[PDB]
Structure formats: C-alpha cells, structure tokens
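Peer 1: Sending over query27.tsv (TSV, N, CA and C atoms).
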```tsv
chain	number	residue	atom	x	y	z
A	1001	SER	N	-0.94	-10.84	-1.76
A	1001	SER	CA	-2.39	-10.63	-1.91
A	1001	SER	C	-2.81	-9.49	-0.97
A	1002	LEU	N	-4.06	-9.06	-1.08
A	1002	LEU	CA	-4.58	-8.09	-0.18
A	1002	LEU	C	-4.45	-8.55	1.28
A	1003	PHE	N	-4.47	-9.85	1.56
A	1003	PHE	CA	-4.36	-10.32	2.93
A	1003	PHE	C	-2.97	-10.02	3.54
A	1004	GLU	N	-1.91	-10.32	2.81
A	1004	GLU	CA	-0.57	-9.96	3.32
A	1004	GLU	C	-0.40	-8.47	3.43
A	1005	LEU	N	-0.87	-7.73	2.41
A	1005	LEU	CA	-0.71	-6.28	2.42
A	1005	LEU	C	-1.42	-5.68	3.64
A	1006	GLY	N	-2.68	-6.09	3.87
A	1006	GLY	CA	-3.39	-5.55	4.99
A	1006	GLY	C	-2.73	-5.86	6.32
A	1007	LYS	N	-2.22	-7.10	6.45
A	1007	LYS	CA	-1.53	-7.44	7.68
A	1007	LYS	C	-0.29	-6.59	7.89
A	1008	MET	N	0.50	-6.37	6.84
A	1008	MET	CA	1.65	-5.52	6.95
A	1008	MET	C	1.29	-4.10	7.36
A	1009	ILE	N	0.24	-3.54	6.76
A	1009	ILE	CA	-0.21	-2.19	7.10
A	1009	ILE	C	-0.60	-2.14	8.56
A	1010	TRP	N	-1.35	-3.13	9.06
A	1010	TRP	CA	-1.72	-3.17	10.45
A	1010	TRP	C	-0.54	-3.28	11.35
A	1011	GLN	N	0.42	-4.17	11.01
A	1011	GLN	CA	1.62	-4.34	11.80
A	1011	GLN	C	2.44	-3.07	11.90
A	1012	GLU	N	2.60	-2.35	10.79
A	1012	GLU	CA	3.41	-1.16	10.78
A	1012	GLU	C	2.73	0.07	11.39
A	1013	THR	N	1.41	0.21	11.18
A	1013	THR	CA	0.72	1.43	11.55
A	1013	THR	C	-0.19	1.31	12.74
A	1014	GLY	N	-0.65	0.10	13.07
A	1014	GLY	CA	-1.66	-0.11	14.08
A	1014	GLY	C	-3.04	0.29	13.64
A	1015	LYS	N	-3.29	0.71	12.48
A	1015	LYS	CA	-4.55	1.17	11.88
A	1015	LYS	C	-5.22	0.02	11.16
A	1016	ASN	N	-6.57	-0.06	11.27
A	1016	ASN	CA	-7.28	-0.99	10.43
A	1016	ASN	C	-7.05	-0.61	8.97
A	1017	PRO	N	-6.55	-1.52	8.15
A	1017	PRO	CA	-6.14	-1.08	6.80
A	1017	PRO	C	-7.29	-0.65	5.90
A	1018	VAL	N	-8.40	-1.39	5.88
A	1018	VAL	CA	-9.46	-1.02	4.94
A	1018	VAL	C	-10.14	0.30	5.33
A	1019	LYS	N	-10.40	0.49	6.62
A	1019	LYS	CA	-10.95	1.74	7.08
A	1019	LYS	C	-10.06	2.91	6.69
A	1020	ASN	N	-8.75	2.76	6.97
A	1020	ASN	CA	-7.86	3.90	6.90
A	1020	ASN	C	-7.27	4.16	5.50
A	1022	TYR	N	-7.14	3.09	4.72
A	1022	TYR	CA	-6.44	3.20	3.44
A	1022	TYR	C	-7.22	2.56	2.28
A	1023	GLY	N	-8.44	2.11	2.53
A	1023	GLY	CA	-9.25	1.54	1.44
A	1023	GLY	C	-9.84	2.52	0.48
A	1024	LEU	N	-9.95	3.77	0.89
A	1024	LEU	CA	-10.54	4.80	0.04
A	1024	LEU	C	-9.87	6.16	0.23
A	1025	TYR	N	-8.63	6.15	0.78
A	1025	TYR	CA	-7.96	7.40	1.12
A	1025	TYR	C	-7.42	8.11	-0.12
A	1026	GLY	N	-7.65	9.42	-0.15
A	1026	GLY	CA	-7.02	10.27	-1.16
A	1026	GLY	C	-7.33	9.82	-2.56
A	1027	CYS	N	-6.39	10.17	-3.45
A	1027	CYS	CA	-6.53	9.86	-4.86
A	1027	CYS	C	-5.90	8.55	-5.31
A	1028	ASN	N	-5.19	7.88	-4.41
A	1028	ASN	CA	-4.44	6.69	-4.81
A	1028	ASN	C	-4.61	5.49	-3.95
A	1029	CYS	N	-5.14	5.60	-2.74
A	1029	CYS	CA	-5.19	4.46	-1.85
A	1029	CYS	C	-6.47	3.64	-2.04
A	1030	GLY	N	-6.30	2.34	-2.20
A	1030	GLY	CA	-7.42	1.44	-2.17
A	1030	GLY	C	-8.10	1.34	-3.48
A	1031	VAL	N	-9.43	1.48	-3.41
A	1031	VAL	CA	-10.23	1.37	-4.63
A	1031	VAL	C	-9.91	2.44	-5.66
A	1032	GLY	N	-10.07	2.11	-6.91
A	1032	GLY	CA	-9.75	3.10	-7.94
A	1032	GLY	C	-8.31	2.96	-8.38
A	1033	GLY	N	-7.96	3.95	-9.21
A	1033	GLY	CA	-6.60	3.92	-9.82
A	1033	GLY	C	-5.73	5.00	-9.16
A	1034	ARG	N	-4.89	5.62	-9.97
A	1034	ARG	CA	-3.98	6.64	-9.55
A	1034	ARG	C	-4.41	8.03	-10.03
A	1035	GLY	N	-3.95	9.04	-9.35
A	1035	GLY	CA	-4.17	10.44	-9.65
A	1035	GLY	C	-3.19	11.28	-8.89
A	1036	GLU	N	-3.13	12.59	-9.13
A	1036	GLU	CA	-2.17	13.41	-8.45
A	1036	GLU	C	-2.38	13.29	-6.92
A	1037	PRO	N	-1.36	12.94	-6.17
A	1037	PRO	CA	-1.57	12.71	-4.75
A	1037	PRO	C	-1.85	13.95	-3.97
A	1038	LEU	N	-2.64	13.77	-2.91
A	1038	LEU	CA	-3.05	14.90	-2.05
A	1038	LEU	C	-2.05	15.23	-0.97
A	1039	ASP	N	-1.23	14.27	-0.55
A	1039	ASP	CA	-0.35	14.41	0.63
A	1039	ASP	C	0.62	13.21	0.63
A	1040	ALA	N	1.42	13.12	1.67
A	1040	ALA	CA	2.48	12.12	1.71
A	1040	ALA	C	1.91	10.70	1.77
A	1041	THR	N	0.89	10.48	2.61
A	1041	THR	CA	0.25	9.17	2.63
A	1041	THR	C	-0.22	8.76	1.25
A	1042	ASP	N	-0.88	9.70	0.55
A	1042	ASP	CA	-1.40	9.40	-0.76
A	1042	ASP	C	-0.25	9.12	-1.74
A	1043	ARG	N	0.85	9.81	-1.62
A	1043	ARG	CA	2.03	9.51	-2.44
A	1043	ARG	C	2.51	8.10	-2.20
A	1044	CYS	N	2.50	7.62	-0.95
A	1044	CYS	CA	2.85	6.23	-0.71
A	1044	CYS	C	2.01	5.30	-1.57
A	1045	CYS	N	0.70	5.59	-1.62
A	1045	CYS	CA	-0.23	4.77	-2.35
A	1045	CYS	C	0.02	4.85	-3.89
A	1046	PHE	N	0.38	6.01	-4.38
A	1046	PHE	CA	0.72	6.18	-5.79
A	1046	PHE	C	1.94	5.28	-6.12
A	1047	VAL	N	3.00	5.44	-5.33
A	1047	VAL	CA	4.23	4.66	-5.55
A	1047	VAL	C	3.95	3.19	-5.52
A	1048	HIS	N	3.09	2.74	-4.57
A	1048	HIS	CA	2.77	1.34	-4.45
A	1048	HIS	C	2.05	0.79	-5.67
A	1049	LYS	N	1.04	1.53	-6.18
A	1049	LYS	CA	0.37	1.07	-7.39
A	1049	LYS	C	1.35	1.05	-8.58
A	1050	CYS	N	2.24	2.04	-8.68
A	1050	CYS	CA	3.26	1.97	-9.71
A	1050	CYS	C	4.16	0.75	-9.54
A	1051	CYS	N	4.47	0.40	-8.31
A	1051	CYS	CA	5.32	-0.78	-8.05
A	1051	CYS	C	4.70	-2.03	-8.59
A	1052	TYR	N	3.39	-2.14	-8.43
A	1052	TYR	CA	2.66	-3.27	-8.93
A	1052	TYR	C	2.73	-3.37	-10.46
A	1053	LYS	N	3.06	-2.35	-11.22
A	1053	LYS	CA	3.12	-2.47	-12.71
A	1053	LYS	C	4.16	-3.51	-13.13
A	1057	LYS	N	5.19	-3.80	-12.36
A	1057	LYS	CA	6.17	-4.82	-12.78
A	1057	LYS	C	5.71	-6.24	-12.65
A	1058	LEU	N	4.54	-6.44	-12.06
A	1058	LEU	CA	4.08	-7.81	-11.81
A	1058	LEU	C	3.39	-8.39	-13.00
A	1059	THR	N	4.22	-8.96	-13.87
A	1059	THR	CA	3.69	-9.51	-15.09
A	1059	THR	C	3.22	-10.95	-14.99
A	1060	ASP	N	3.69	-11.65	-13.98
A	1060	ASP	CA	3.45	-13.09	-13.87
A	1060	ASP	C	2.64	-13.49	-12.65
A	1061	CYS	N	1.94	-12.55	-12.02
A	1061	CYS	CA	1.23	-12.83	-10.78
A	1061	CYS	C	0.21	-11.72	-10.55
A	1067	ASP	N	-0.70	-11.99	-9.61
A	1067	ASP	CA	-1.88	-11.14	-9.34
A	1067	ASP	C	-1.79	-10.54	-7.95
A	1068	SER	N	-1.60	-9.25	-7.91
A	1068	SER	CA	-1.34	-8.49	-6.66
A	1068	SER	C	-2.47	-8.58	-5.69
A	1069	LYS	N	-3.67	-8.82	-6.15
A	1069	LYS	CA	-4.82	-8.88	-5.29
A	1069	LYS	C	-5.01	-10.25	-4.64
A	1070	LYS	N	-4.79	-11.31	-5.41
A	1070	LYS	CA	-5.19	-12.66	-5.05
A	1070	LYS	C	-4.08	-13.59	-4.61
A	1071	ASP	N	-2.88	-13.41	-5.16
A	1071	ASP	CA	-1.85	-14.44	-4.96
A	1071	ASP	C	-1.16	-14.25	-3.62
A	1072	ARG	N	-1.10	-15.34	-2.87
A	1072	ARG	CA	-0.56	-15.36	-1.52
A	1072	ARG	C	0.95	-15.47	-1.58
A	1073	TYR	N	1.65	-14.95	-0.58
A	1073	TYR	CA	3.08	-15.05	-0.49
A	1073	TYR	C	3.47	-15.15	0.98
A	1074	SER	N	4.67	-15.56	1.27
A	1074	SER	CA	5.21	-15.75	2.57
A	1074	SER	C	6.00	-14.53	3.02
A	1075	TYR	N	5.77	-14.07	4.24
A	1075	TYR	CA	6.64	-13.10	4.86
A	1075	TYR	C	6.56	-13.29	6.37
A	1076	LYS	N	7.51	-12.71	7.08
A	1076	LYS	CA	7.52	-12.70	8.52
A	1076	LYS	C	7.56	-11.29	9.05
A	1077	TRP	N	6.89	-11.05	10.14
A	1077	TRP	CA	6.96	-9.82	10.96
A	1077	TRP	C	7.75	-10.20	12.19
A	1078	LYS	N	8.96	-9.69	12.27
A	1078	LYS	CA	9.91	-10.14	13.32
A	1078	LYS	C	10.82	-8.98	13.67
A	1079	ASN	N	10.94	-8.69	14.96
A	1079	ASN	CA	11.78	-7.59	15.39
A	1079	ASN	C	11.45	-6.26	14.70
A	1080	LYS	N	10.15	-6.03	14.55
A	1080	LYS	CA	9.67	-4.77	13.94
A	1080	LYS	C	10.11	-4.59	12.49
A	1081	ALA	N	10.41	-5.70	11.84
A	1081	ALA	CA	10.82	-5.71	10.45
A	1081	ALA	C	9.88	-6.65	9.68
A	1082	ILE	N	9.65	-6.27	8.43
A	1082	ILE	CA	8.99	-7.13	7.45
A	1082	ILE	C	10.09	-7.83	6.65
A	1083	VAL	N	10.07	-9.16	6.63
A	1083	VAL	CA	11.08	-9.96	5.90
A	1083	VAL	C	10.33	-10.80	4.91
A	1084	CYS	N	10.46	-10.48	3.63
A	1084	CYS	CA	9.84	-11.27	2.58
A	1084	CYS	C	10.55	-12.64	2.53
A	1086	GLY	N	9.74	-13.67	2.44
A	1086	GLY	CA	10.20	-15.04	2.54
A	1086	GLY	C	10.66	-15.64	1.26
A	1087	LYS	N	10.63	-16.99	1.22
A	1087	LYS	CA	11.20	-17.74	0.09
A	1087	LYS	C	10.10	-17.93	-0.94
A	1088	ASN	N	9.92	-16.87	-1.72
A	1088	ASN	CA	8.86	-16.76	-2.69
A	1088	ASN	C	9.38	-16.91	-4.12
A	1089	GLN	N	8.46	-17.24	-5.00
A	1089	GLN	CA	8.76	-17.20	-6.44
A	1089	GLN	C	8.96	-15.77	-6.88
A	1090	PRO	N	9.66	-15.55	-7.99
A	1090	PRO	CA	10.11	-14.19	-8.30
A	1090	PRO	C	9.02	-13.11	-8.35
A	1091	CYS	N	7.91	-13.36	-9.03
A	1091	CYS	CA	6.89	-12.30	-9.11
A	1091	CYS	C	6.29	-12.04	-7.75
A	1092	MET	N	6.10	-13.10	-6.98
A	1092	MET	CA	5.52	-12.99	-5.65
A	1092	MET	C	6.47	-12.23	-4.73
A	1093	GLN	N	7.78	-12.40	-4.89
A	1093	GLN	CA	8.73	-11.65	-4.09
A	1093	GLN	C	8.67	-10.16	-4.45
A	1094	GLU	N	8.54	-9.85	-5.72
A	1094	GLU	CA	8.35	-8.46	-6.16
A	1094	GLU	C	7.12	-7.87	-5.48
A	1095	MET	N	6.04	-8.64	-5.47
A	1095	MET	CA	4.80	-8.19	-4.84
A	1095	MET	C	5.02	-7.90	-3.34
A	1096	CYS	N	5.66	-8.84	-2.65
A	1096	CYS	CA	5.97	-8.67	-1.25
A	1096	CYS	C	6.77	-7.42	-0.99
A	1097	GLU	N	7.81	-7.19	-1.84
A	1097	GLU	CA	8.65	-6.04	-1.62
A	1097	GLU	C	7.92	-4.71	-1.92
A	1098	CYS	N	7.00	-4.72	-2.89
A	1098	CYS	CA	6.15	-3.54	-3.10
A	1098	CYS	C	5.31	-3.25	-1.84
A	1099	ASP	N	4.71	-4.30	-1.30
A	1099	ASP	CA	3.81	-4.18	-0.13
A	1099	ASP	C	4.59	-3.70	1.08
A	1100	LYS	N	5.78	-4.28	1.30
A	1100	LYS	CA	6.63	-3.90	2.43
A	1100	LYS	C	6.96	-2.44	2.41
A	1101	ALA	N	7.44	-1.95	1.24
A	1101	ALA	CA	7.84	-0.56	1.15
A	1101	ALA	C	6.65	0.36	1.44
A	1102	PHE	N	5.49	-0.05	0.93
A	1102	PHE	CA	4.28	0.74	1.11
A	1102	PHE	C	3.88	0.83	2.57
A	1103	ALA	N	3.89	-0.30	3.28
A	1103	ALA	CA	3.51	-0.30	4.69
A	1103	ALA	C	4.45	0.60	5.50
A	1104	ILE	N	5.76	0.51	5.22
A	1104	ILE	CA	6.74	1.36	5.88
A	1104	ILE	C	6.44	2.83	5.59
A	1105	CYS	N	6.16	3.14	4.31
A	1105	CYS	CA	5.84	4.51	3.90
A	1105	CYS	C	4.64	5.05	4.68
A	1106	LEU	N	3.59	4.23	4.80
A	1106	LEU	CA	2.40	4.66	5.52
A	1106	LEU	C	2.74	4.97	6.99
A	1107	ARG	N	3.55	4.11	7.63
A	1107	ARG	CA	3.95	4.38	9.00
A	1107	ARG	C	4.72	5.69	9.11
A	1108	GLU	N	5.66	5.90	8.18
A	1108	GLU	CA	6.50	7.10	8.19
A	1108	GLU	C	5.70	8.38	8.11
A	1109	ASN	N	4.48	8.28	7.53
A	1109	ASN	CA	3.67	9.46	7.28
A	1109	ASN	C	2.41	9.56	8.13
A	1110	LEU	N	2.38	8.80	9.22
A	1110	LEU	CA	1.23	8.87	10.12
A	1110	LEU	C	1.00	10.26	10.65
A	1111	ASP	N	2.08	11.04	10.85
A	1111	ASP	CA	1.89	12.38	11.44
A	1111	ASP	C	1.20	13.36	10.51
A	1112	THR	N	0.99	13.03	9.23
A	1112	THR	CA	0.20	13.88	8.36
A	1112	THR	C	-1.05	13.16	7.83
A	1113	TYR	N	-1.41	12.01	8.35
A	1113	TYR	CA	-2.63	11.33	7.95
A	1113	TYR	C	-3.78	12.30	8.19
A	1114	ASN	N	-4.60	12.56	7.14
A	1114	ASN	CA	-5.69	13.53	7.21
A	1114	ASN	C	-7.02	12.79	7.22
A	1115	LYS	N	-7.72	12.87	8.33
A	1115	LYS	CA	-9.00	12.17	8.44
A	1115	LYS	C	-9.97	12.61	7.35
A	1116	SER	N	-9.95	13.83	6.92
A	1116	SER	CA	-10.81	14.31	5.86
A	1116	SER	C	-10.57	13.63	4.52
A	1117	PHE	N	-9.41	13.07	4.30
A	1117	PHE	CA	-9.04	12.36	3.11
A	1117	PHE	C	-9.36	10.87	3.18
A	1118	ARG	N	-9.73	10.37	4.33
A	1118	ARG	CA	-9.96	8.93	4.53
A	1118	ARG	C	-10.98	8.36	3.56
A	1119	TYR	N	-12.10	9.06	3.40
A	1119	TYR	CA	-13.14	8.63	2.49
A	1119	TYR	C	-13.22	9.71	1.40
A	1120	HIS	N	-12.49	9.54	0.31
A	1120	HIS	CA	-12.28	10.59	-0.67
A	1120	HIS	C	-13.01	10.38	-1.97
A	1121	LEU	N	-13.55	11.46	-2.57
A	1121	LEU	CA	-14.19	11.42	-3.88
A	1121	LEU	C	-13.18	11.24	-4.99
A	1122	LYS	N	-12.85	9.99	-5.30
A	1122	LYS	CA	-11.81	9.71	-6.30
A	1122	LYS	C	-12.07	10.29	-7.68
A	1123	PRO	N	-13.30	10.37	-8.18
A	1123	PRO	CA	-13.46	10.99	-9.49
A	1123	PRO	C	-13.03	12.46	-9.56
A	1124	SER	N	-12.95	13.15	-8.43
A	1124	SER	CA	-12.51	14.55	-8.36
A	1124	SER	C	-11.01	14.71	-8.49
A	1125	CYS	N	-10.32	13.55	-8.48
A	1125	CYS	CA	-8.90	13.58	-8.59
A	1125	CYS	C	-8.44	13.92	-10.00
A	1128	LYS	N	-7.20	14.49	-10.04
A	1128	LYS	CA	-6.57	15.02	-11.25
A	1128	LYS	C	-5.64	14.02	-11.89
A	1129	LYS	N	-5.64	14.02	-13.20
A	1129	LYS	CA	-4.75	13.15	-13.93
A	1129	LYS	C	-3.30	13.45	-13.61
A	1130	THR	N	-2.52	12.43	-13.32
A	1130	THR	CA	-1.10	12.58	-13.14
A	1130	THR	C	-0.38	12.80	-14.45
A	1131	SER	N	0.68	13.61	-14.38
A	1131	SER	CA	1.63	13.79	-15.46
A	1131	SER	C	2.90	12.95	-15.27
A	1132	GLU	N	2.97	12.19	-14.19
A	1132	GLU	CA	4.12	11.39	-13.82
A	1132	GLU	C	4.06	9.99	-14.32
A	1133	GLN	N	5.08	9.52	-15.08
A	1133	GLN	CA	5.19	8.14	-15.46
A	1133	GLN	C	5.62	7.34	-14.25
A	1134	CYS	N	5.28	6.09	-14.17
A	1134	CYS	CA	5.77	5.24	-13.05
A	1134	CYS	C	7.24	4.99	-13.29
```
Write out the structure in this file as structure tokens.

Peer 2:
Amino acid sequence: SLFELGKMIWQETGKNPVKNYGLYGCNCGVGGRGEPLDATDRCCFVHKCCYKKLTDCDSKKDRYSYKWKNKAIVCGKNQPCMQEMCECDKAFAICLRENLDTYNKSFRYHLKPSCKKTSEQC
C-alpha cells in the first residue's frame, strides 16, 4: 500500500515521501506516466510500469509485510500479488536513493499536464 511504499522511501532516502515524490516530475505520485525528466523521474516511470503486473491486488490500499533491517528492505511472507507489490516498491525506493544526487527541487511540484506522451511500452 502507499503506507509501506512511503515508509520504504523514507527509510532509503531520509526524505518525506509525499513532499518529495508526491508530485515530482512527469511520473512520481499523482497522475500517470509520461516521458521522464531525469533519473528520479525514471525511477517513478519504472515503478508505475511494475505495478501493471498486479492483477490480483491493489497497489494503493493493500497492506503487506516487510522488514527494514541492516539497511536492506526484505519483503516478507506475503501472498503472491502482494509480494510483487512489495518488490516493485523496494526497487523504487532503492532507485530513488541511488539518484538523490540529481534530485531537482524545481521538479518537486511539477505541472503534469505539460508532460509528453511516452513512446515506451512497459
């Protein structure tokens, strides 16, 4: 759910997740996907594409188990769709951390309708 995802983002990045990634670029947070503006935004594109495999569960609402231990995210003993969701969220949080050095404050609160249609299939 958004609760696990936000916690993972906070654990990995130290950033408040909704402030920093709730409206960032063309792909993070509210709205859909569009051509990404930078590496952080690409993380968000990949993550929303990851969620396309979730046919049996709800990425926003459904809770799942994970642990934050030794600076690692370990997805727990979840049902299959929920484990897919966890693993999408984990990869995304790691991606966001990896790209902190190019996080652009000007992109934090972005005009999503100005974004361009992607030509990339998930």

Peer 1: Report as a PyMOL selection string all protein, DNA and RNA residues lying within 6.5 Å of residue 1121 of chain A, evaluated on only N, CA and C atoms, omitting residues in the same chain fewer than 3 positions from it.

Peer 2: chain A and resi 1026+1124-1125

Peer 1: Report as JSON lines: every residue of segment 1020-1089 of chain A with an atom at most 12 Å from segment 1106-1115 of chain A, its closest pair of atoms, and their distance in Å to one decimal, counting only C-alpha atoms, with rows sorted by chain and ascending residue number.

Peer 2:
```
{"residue": "A:1020", "atom": "CA", "partner": "A:1115", "partner_atom": "CA", "distance": 8.5}
{"residue": "A:1022", "atom": "CA", "partner": "A:1106", "partner_atom": "CA", "distance": 9.2}
{"residue": "A:1024", "atom": "CA", "partner": "A:1115", "partner_atom": "CA", "distance": 11.3}
{"residue": "A:1025", "atom": "CA", "partner": "A:1115", "partner_atom": "CA", "distance": 8.8}
{"residue": "A:1026", "atom": "CA", "partner": "A:1114", "partner_atom": "CA", "distance": 9.1}
{"residue": "A:1029", "atom": "CA", "partner": "A:1106", "partner_atom": "CA", "distance": 10.6}
{"residue": "A:1038", "atom": "CA", "partner": "A:1114", "partner_atom": "CA", "distance": 9.7}
{"residue": "A:1039", "atom": "CA", "partner": "A:1112", "partner_atom": "CA", "distance": 7.8}
{"residue": "A:1040", "atom": "CA", "partner": "A:1109", "partner_atom": "CA", "distance": 6.3}
{"residue": "A:1041", "atom": "CA", "partner": "A:1106", "partner_atom": "CA", "distance": 5.8}
{"residue": "A:1042", "atom": "CA", "partner": "A:1106", "partner_atom": "CA", "distance": 8.7}
{"residue": "A:1043", "atom": "CA", "partner": "A:1106", "partner_atom": "CA", "distance": 9.3}
{"residue": "A:1044", "atom": "CA", "partner": "A:1106", "partner_atom": "CA", "distance": 6.4}
{"residue": "A:1045", "atom": "CA", "partner": "A:1106", "partner_atom": "CA", "distance": 8.3}
{"residue": "A:1046", "atom": "CA", "partner": "A:1106", "partner_atom": "CA", "distance": 11.5}
{"residue": "A:1047", "atom": "CA", "partner": "A:1106", "partner_atom": "CA", "distance": 11.2}
{"residue": "A:1048", "atom": "CA", "partner": "A:1106", "partner_atom": "CA", "distance": 10.5}
{"residue": "A:1080", "atom": "CA", "partner": "A:1107", "partner_atom": "CA", "distance": 11.9}
```

Peer 1: Work out how far apart atom CA of residue 1094 of chain A and atom N of residue 1058 of chain A are and give it in Å to one decimal.

Peer 2: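 Interatomic distance here is 7.3 Å.
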
Peer 1: So, with only N, CA and C atoms as the atoms that count, which of A:1028, A:1102, A:1059, A:1130 lies closest to residue 1008 of chain A?

Peer 2: A:1102

Peer 1: Name the closest residue to residue 1001 of chain A among the candidates A:1053, A:1034, A:1129, A:1072; distances are taken between atoms, counting only C-alpha atoms.

Peer 2: A:1072
